[PDB]
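For the sequence shown, the deposited numbering begins at 5 and goes up steadily by one. Using N, Cα and C, we set each Cβ at its ideal position, and we do this for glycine too.
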Amino acid sequence: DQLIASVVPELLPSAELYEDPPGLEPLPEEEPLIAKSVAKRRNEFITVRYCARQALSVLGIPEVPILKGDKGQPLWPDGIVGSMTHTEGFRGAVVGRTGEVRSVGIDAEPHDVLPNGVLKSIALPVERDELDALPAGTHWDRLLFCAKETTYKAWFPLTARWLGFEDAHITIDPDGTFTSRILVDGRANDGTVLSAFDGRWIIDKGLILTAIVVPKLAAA
Ligand SMILES: [Ca+2]
Ligand SMILES: [Mn+2]
Ligand SMILES: [Mn+2]
Numbered sequence: 005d006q007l008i009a010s011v012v013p014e015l016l017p018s019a020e021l022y023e024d025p026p027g028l029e030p031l032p033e034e035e036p037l038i039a040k041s042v043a044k045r046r047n048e049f050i051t052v053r054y055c056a057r058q059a060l061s062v063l064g065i066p067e068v069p070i071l072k073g074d075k076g077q078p079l080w081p082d083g084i085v086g087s088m089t090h091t092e093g094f095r096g097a098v099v100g101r102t103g104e105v106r107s108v109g110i111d112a113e114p115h116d117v118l119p120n121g122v123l124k125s126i127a128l129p130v131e132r133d134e135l136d137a138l139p140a141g142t143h144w145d146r147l148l149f150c151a152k153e154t155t156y157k158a159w160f161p162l163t164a165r166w167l168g169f170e171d172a173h174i175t176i177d178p179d180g181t182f183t184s185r186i187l188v189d190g191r192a193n194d195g196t197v198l199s200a201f202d203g204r205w206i207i208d209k210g211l212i213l214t215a216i217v218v219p220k221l222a223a224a
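Set out below in structure tokens:
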């Protein structure tokens, strides 16, 4: 009953854990990326990359470092796209081949009200009204935040540009899907235009998981 596997296609292997296994180490090449980090950050980085390597192995890729660009993005092997996420109680990764999909993003958040002031900072005025109308019993504010982070993680590998919280309007459906409508220039590095993403979401084990897969376009 893994959360990521419930919201991504079977051809994108994923792996997740809810605690840090004792005794894990980063690969030597990864050490500089966390040398200056506090212990809690070191731990989540080590465990999430353990998960990423598990998923990469399903695609036939043996142990390899997963470095980080200046903008925080993971640096995957040739022919691979992927995404990683962590919060207290979760570490998870998903990967796929570039011959199968264009991009993936995931994000995991505790299923709790957002911290004070965060909703006001991340939601467009219309989004605020939309969330207030969704059915009682789900922290739609936290879901919106989670979906916005996933939107950026799917966007950056295709554009090399920032996407602020105000730059996409996310509409959440109670049925486990959402849509992200881009409000800024959507030109992508492959010469296409990104205007909207389709997302999926699930709540289980006290957690929200959101995911976006950006499909390849049909042969022209
Ligand atoms: Ca960079
Ligand atoms: Mn995190
Ligand atoms: Mn997050």
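What does the alpha-carbon distance come out to for the pair residue i and residue j?
{"i": "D208", "j": "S18", "result": "16 angstroms"}
{"i": "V12", "j": "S199", "result": "21 angstroms"}
{"i": "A59", "j": "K124", "result": "36 angstroms"}
{"i": "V98", "j": "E134", "result": "30 angstroms"}
{"i": "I65", "j": "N120", "result": "42 angstroms"}
{"i": "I216", "j": "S184", "result": "9 angstroms"}
{"i": "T89", "j": "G76", "result": "12 angstroms"}
{"i": "residue 226", "j": "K44", "result": "Since the displayed the chain opens at 5 and closes at 224, residue 226 lies outside it and no answer follows."}
{"i": "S107", "j": "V42", "result": "30 angstroms"}
{"i": "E67", "j": "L21", "result": "18 angstroms"}
{"i": "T142", "j": "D5", "result": "20 angstroms"}
{"i": "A140", "j": "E14", "result": "31 angstroms"}
{"i": "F201", "j": "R191", "result": "14 angstroms"}
{"i": "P129", "j": "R165", "result": "24 angstroms"}
{"i": "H115", "j": "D136", "result": "17 angstroms"}
{"i": "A223", "j": "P81", "result": "25 angstroms"}
{"i": "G83", "j": "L7", "result": "25 angstroms"}
What distance in whole Å lies between the Cβ atoms of residue j and residue i, which are believed to be in contact at a cut-off of 8 angstroms?
{"i": "residue 287", "j": "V197", "result": "In the structure as shown, the chain begins at 5 and stops at 224. Residue 287 is therefore absent and cannot be evaluated."}
{"i": "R146", "j": "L118", "result": "5 angstroms"}
{"i": "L71", "j": "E35", "result": "About 11 angstroms; that fails the 8 angstroms criterion."}
{"i": "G210", "j": "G93", "result": "7 angstroms"}
Would a C-beta distance cut-off of 8 angstroms place residue i and residue j closer than the cut-off?
{"i": "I38", "j": "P26", "result": "no"}
{"i": "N193", "j": "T155", "result": "no"}
{"i": "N47", "j": "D24", "result": "yes"}
{"i": "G180", "j": "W144", "result": "no"}
{"i": "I176", "j": "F182", "result": "yes"}
{"i": "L213", "j": "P178", "result": "no"}
{"i": "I174", "j": "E131", "result": "yes"}
{"i": "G100", "j": "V85", "result": "yes"}
{"i": "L16", "j": "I50", "result": "no"}
{"i": "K40", "j": "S87", "result": "no"}
Opposite residue i in the DSSP bridges: which residues?
{"i": "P78", "result": "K72"}
{"i": "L211", "result": "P114 and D208"}
{"i": "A97", "result": "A19 and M88"}
{"i": "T175", "result": "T183"}
{"i": "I50", "result": "Answer by DSSP bridge pairing: none, since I50 is not bridged."}
{"i": "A200", "result": "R185"}
{"i": "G109", "result": "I216"}
{"i": "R191", "result": "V197"}
Given 8 angstroms, three or more beta-carbon pairs between the segment 106 to 118 and the segment 140 to 155: yes
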